[PDB]
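Two forms of the same protein chain are encoded below as structure tokens; each is given separately, as structure 1 and structure 2.
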Structure 1
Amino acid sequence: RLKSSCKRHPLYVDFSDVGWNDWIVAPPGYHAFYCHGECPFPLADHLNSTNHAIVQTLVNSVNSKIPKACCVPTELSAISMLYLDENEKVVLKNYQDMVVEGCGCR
């Protein structure tokens, strides 16, 4: 469980495991990766952070009760999925912000 800095980790999400395959016709699953890692003090530019996150991580080093910045998706991409409308017609809809492209500390 060793501490590491904020980055992107792989995650394949199979819809049958989540019970979504009842409504989603395709795909069976997708590579939706996830963000995880520590956002150290002082936080870097290269960690895709905001001035607020630099300030909050600083406030934490003085008051531990205030959390540091979370490692979160900063850049997301879309995926197309198929579903069945009311009259059994197949529909193709683009789902915004489904895949993590880059992580960052916020």
Structure 2
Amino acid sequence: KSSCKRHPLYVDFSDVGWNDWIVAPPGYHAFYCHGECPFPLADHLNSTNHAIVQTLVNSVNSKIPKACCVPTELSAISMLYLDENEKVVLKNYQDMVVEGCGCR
């Protein structure tokens, strides 16, 4: 429907069934990117030159796909899980949270 943008997505470790090995947190806000990359690509869609050129090419011939709405900025989060040893470990997972979206 609309343009590329960030959408809310909460991952509850129980719904997916990971609460058996992940002790904390019980869930977290991951978010996700989605939406069209039209012409022209506006400032806030923070896109690369290639995405620009690809979008124009698609305008000349639709056999070539449009740019894609994907994460452009991501933050990490910390989790407490149980390794095979049955011991609680603290790990810091990178790129777990979508901070911003864009057309690539």
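We call the rigid core the largest set of C-alpha positions that still match within 1.5 Å between the two forms. Counting starts at 1 and follows the sequence of structure 1.
- Core-superposed comparison between structure 1 and structure 2: the CA of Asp97 stays below a 2 Å shift.
- In the core-superposed comparison between structure 1 and structure 2, the CA atom of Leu11 travels 0.6 Å.
- Superposed on the rigid core, the forms differ at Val25: its CA is offset by 1.5 Å between structure 1 and structure 2.
- The rigid core superposition between structure 1 and structure 2 gives a CA shift for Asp45 of 2.9 Å.
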